Amino acid sequence: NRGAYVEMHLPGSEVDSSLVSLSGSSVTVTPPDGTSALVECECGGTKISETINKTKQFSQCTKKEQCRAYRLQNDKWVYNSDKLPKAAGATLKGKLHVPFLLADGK
Amino acid sequence: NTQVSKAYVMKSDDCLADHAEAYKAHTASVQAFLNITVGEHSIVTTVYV
Ligand SMILES: *[C@@H]1O[C@H](CO)[C@@H](O)[C@H](O)[C@H]1NC(C)=O
């Protein structure tokens, strides 16, 4: 651990279209084992259903293309990359030291 | 839909070891490292000029 550092940040929610399925001609979100999945839907009545943990069947939305399930992790932090969506609010969670720094020798 | 992006410039991680430093130089001072031999007596000294 020399002087240099980078920032580890709270990751943003990552959309996963595999969670959303069409069970009975109605959409169904099956979050992975022990993981929340915020479901945002724009059919008749906007759905902002966050706290689902096991399975939830939405019959208002009849198409998979009009619902989006975002996996929620909020436990392991990520590098402040520009190819990842930014999480809302303050996200700076720590500093990661940079190894293999440039050093003097012969 | 909207996307907000911002960028900034910071020092590189290797700036502690790989950096040029800009000085202002003036009023030079001269020193000499003289062997002086007087009357078979020899000495090595540093003399400000
Ligand atoms: C001056 O002094 C140094 C001190 O060791 C010595 O090595 C050198 O030979 C001396 N020079 C002369 C010309 O005597």
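Residues numbered from 1 in each chain as written, not as in the entry; some residues may be left out. Chains lettered and ligands numbered in written order. Part of a larger assembly, values for the part shown. Heavy atoms only, no water.

What the entry reports as its method is cryo-EM, with 3.2 Å given for the resolution.

Per the PDB entry, chain B is named Spike glycoprotein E1, and its organism is Venezuelan equine encephalitis virus. Per the PDB header, the entry is named "CryoEM structure of Venezuelan Equine Encephalitis virus (VEEV) TC-83 strain VLP in complex with Fab hVEEV-63 (focus refine of the asymmetric unit)".

As recorded in the PDB entry, chain A goes by Spike glycoprotein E2 and comes from Venezuelan equine encephalitis virus.

*Asks:* How do you make sense of the overall build of chain B when you look at a structure like this?
*Replies:* Along chain B, the regular secondary structure elements total 0 helices and 2 strands. For chain B, the C-alpha atoms occupy an extent of roughly 95 × 25 × 10 Å along the three principal directions. Residues counted as buried form 2% of the 49 residues belonging to chain B. Surface summary for chain B: the accessible area is close to 5400 Å², and the carbon and sulfur share equals 56%. (Helix = DSSP H or I, 4+ residues; strand = E, 2+ residues; numbered from the N terminus. Buried < 20%, exposed > 50% of the residue type's maximum accessible area, 1.4 Å probe, protein only. Areas by Shrake-Rupley, 256 points an atom, 1.4 Å probe, with all protein chains shown as cover.)

*Asks:* I would appreciate a short explanation of the environment of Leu84 of chain A in the present structure.
*Replies:* Residues and elements named next belong to chain A. You can see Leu84 is positioned in the loop between β9 (78-79) and β10 (92-97). Taking the C-alpha atoms as reference, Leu84 lies 22 Å from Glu65; in sequence the two are 19 residues apart. Excluding residues within four positions of it along the chain, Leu84 makes contact with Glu14, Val78 and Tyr79. (Contact = heavy atoms within 4.5 Å.)

*Asks:* So what exactly am I meant to see when it comes to the interface of chain B and chain A here?
*Replies:* Many authors give the size of an interface as the accessible area that is lost as the parts come together. At the interface, 5 residues of chain B touch 6 residues of chain A. Taken as a group, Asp13, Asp14 and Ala17 of chain B account for 70% of the area that chain B buries against chain A, more than any other trio of residues on that side. Connecting chain B to chain A are 0 salt bridges. Remark: the boundary between chain B and chain A carries 1 residue pair in polar contact. Looking at the side of chain B that touches chain A, its residues break down into 2 nonpolar, no polar and 3 charged. (Buried area = accessible area lost by both parts, 1.4 Å probe. Salt bridge = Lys/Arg side-chain N within 4 Å of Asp/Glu carboxyl O. Polar contact = N/O pair within 3.5 Å; in protein donor to acceptor, adjacent residues only side chain to side chain. Nonpolar A, V, L, I, M, F, W, Y, C, P; charged D, E, K, R; others polar.)

*Asks:* Can you help me understand the sheet that holds strand β7 (residues 56-58) of chain A in this one?
*Replies:* Within a sheet, each strand pairs with its neighbour through backbone hydrogen bonds, oriented either parallel or antiparallel. Residue and element names in this part refer to chain A. Here we have 3 strands laid out as an open sheet, ordered β3-β4-β7, and antiparallel in their pairing. Strand pairing shows two members of the sheet lacking a second neighbour, β3 (20-22) and β7, which therefore form its edges. With strand direction ignored, the average angle separating the axes of adjacent strands in the sheet is 30°. Examined bridge by bridge, strand β4 (residues 27-29) and β7 share 3 bridges and lie antiparallel to one another. In the sheet register, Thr28 faces β7, and the bridge partner there is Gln57. (Pairing = 2+ DSSP bridges. Axes fitted to C-alpha atoms, helices over the stretch in contact; angles between N-to-C directions.)

*Asks:* I'm lost on the side chain of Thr91 of chain A in this one. Help?
*Replies:* Residues and elements named next belong to chain A. Locating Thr91 in the fold gives a position in the loop between β9 and β10. Looking at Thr91, the relative accessible area reads 6%, which means it is buried. Polar contacts involving the side chain of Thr91 include one to the side chain of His9, which spans 3.0 Å. Excluding anything up to four places from it in sequence, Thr91 contacts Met8, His9, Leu10 and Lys86.

*Asks:* I tried to follow the pairing of strand β8 (residues 67-71) of chain A on my own but got confused; where do I start?
*Replies:* Along any regular strand, the residues point their side chains to alternate faces of the sheet. Residue and element names in this part refer to chain A. Relative to β8, strand β2 (residues 14-15) runs antiparallel, the two being bridged by 2 bridges. Paired with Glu14 across the strands is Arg71, a residue of β8. Judged from the 5 bridges that link them, strand β5 (residues 37-41) and β8 form a sheet pairing that is antiparallel. Within β8, the position partnered with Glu40 by the bridge is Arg68.

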